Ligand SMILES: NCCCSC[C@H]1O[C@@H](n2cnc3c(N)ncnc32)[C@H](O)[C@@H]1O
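Next up is one chain by itself, shown in structure tokens, the form solved without this ligand.
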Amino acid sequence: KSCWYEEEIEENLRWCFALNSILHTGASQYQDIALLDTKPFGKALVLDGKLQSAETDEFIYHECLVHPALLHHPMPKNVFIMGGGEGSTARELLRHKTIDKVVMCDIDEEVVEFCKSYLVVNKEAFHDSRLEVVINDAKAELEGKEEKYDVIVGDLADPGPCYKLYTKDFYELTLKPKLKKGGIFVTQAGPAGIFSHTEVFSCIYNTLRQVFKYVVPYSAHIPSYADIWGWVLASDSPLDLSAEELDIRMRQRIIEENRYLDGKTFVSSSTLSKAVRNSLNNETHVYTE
């Protein structure tokens, strides 16, 4: 093939996808923005030369990020998203019949507008009257308003400006005070591969373990991310549902059928491998400020 997009996944490892075209470009003062039409992954959002989202598999990431947290809550009505600029996190949240308010808080207005314009999958989500888009830093937004939430979703970049939103101090003193009683936090937690998980996933898991009584790490392969990806659920109430109860709740509470996630899938995703489980156990690093 003639035309390629190339990305360095790590210093010694590069990934190249064949290209059909370069569909749209933009920029903010913050970042370069591109929407590529790629052969293996369809339309691909790239920010500062890093793939953010691919048409063929973003559903995996967003179903995994959103549905477990909401399904384990008895009745989640409002949710705050730290980041989520592309609109797909909000899309998945708005499928829940209990939800009456979604706040999406991201720093880069031009990315949000670019995705509102050009990510067709999220056109309905961006028009939903339950959605509010806030242009701010998530710490400042959470500190400056008294509203508390049933669910808070971390959908930022890996821990730079975002690092402070994974610290023990942030979690303990800023984030929990904005969770309602019985509330649930979930964050994306970076690569979760047999070796790649030590970069940040293990640290995020251990940091949350210091702050919340119940913490459930889980993971799933995302082809366009070139790795297993991770997430962590955290709450001061138990996070324990069977596959069967999860499936019943999905049928009762979520409009239409999920494409990736059913109850057994969640159970599998939350059963980490021997080496990963032990490594999370042994982890001593805690993010601080």
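All residue numbers refer to positions in the sequence shown, first residue = 1. Heads up, when I say rigid core I mean the largest set of C-alphas that superpose within 1.5 Å between the two forms.
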Returned stretch for higher CA RMS in 5 other deposited structures of this protein, core superposition, given 22-30 and 216-224, is 22-30
Are any deposited residues left out of the model between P159 and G160, and how many (none, 1 to 3, 4 to 9, 10 or more)?
-> 1 to 3
Stretch exceeding the other in mean C-alpha B-factor - 204-212, 92-100 = 204-212
Mean C-alpha temperature factor, higher of 80-88 and 131-139 | 131-139
From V276, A18, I9, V267, which pick has the Cα B-factor that tops the rest in the entry?
-> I9
Kindly indicate the residue among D32, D227, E58, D262 with the greatest C-alpha B-factor in the PDB record.
-> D32
Relative C-alpha B-factor of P223, binned into the chain's lowest, middle or highest third | lowest
Tertile call for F126 (CA temperature factor, within chain, third-based) is the middle
Third of the chain, ranked by Cα B-factor, where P40 sits | middle
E63 CA temperature factor, ranked by third within the chain | lowest
Among the modelled residues of its chain, does the C-alpha B-factor of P74 lie in the lowest, middle or highest third?
-> middle
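Beyond what is shown, the protein has a form deposited with this ligand bound; the following relates to that form.
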Do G83 and this ligand share at least one heavy atom pair within 4.5 Å in the deposited bound form?
-> yes
Examine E172 and determine whether its closest non-hydrogen atom to this ligand in the deposited bound form is within 4.5 angstroms.
-> no
Is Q188 one of the residues lying within 4.5 Å of this ligand in the deposited bound form, judged by heavy atom distances?
-> yes
Answer for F41 alone: is it within 4.5 Å of this ligand in the deposited bound form, judged on heavy atom distances?
-> no
In the deposited bound form, do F59, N122 and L261 all put a heavy atom within 4.5 Å of this ligand?
-> no
Choose one stretch from 160-168, 94-102, 123-131, 69-77: the one whose residues place a heavy atom within 4.5 angstroms of this ligand in the deposited bound form.
-> 160-168
Considering this ligand in the deposited bound form, which of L179, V215, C203, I107 comes within 4.5 Å of it through any heavy atom?
-> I107
Let me know which residues along 125-149 have a heavy atom within 4.5 Å of this ligand in the deposited bound form, or say none if there are none.
-> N136, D137, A138
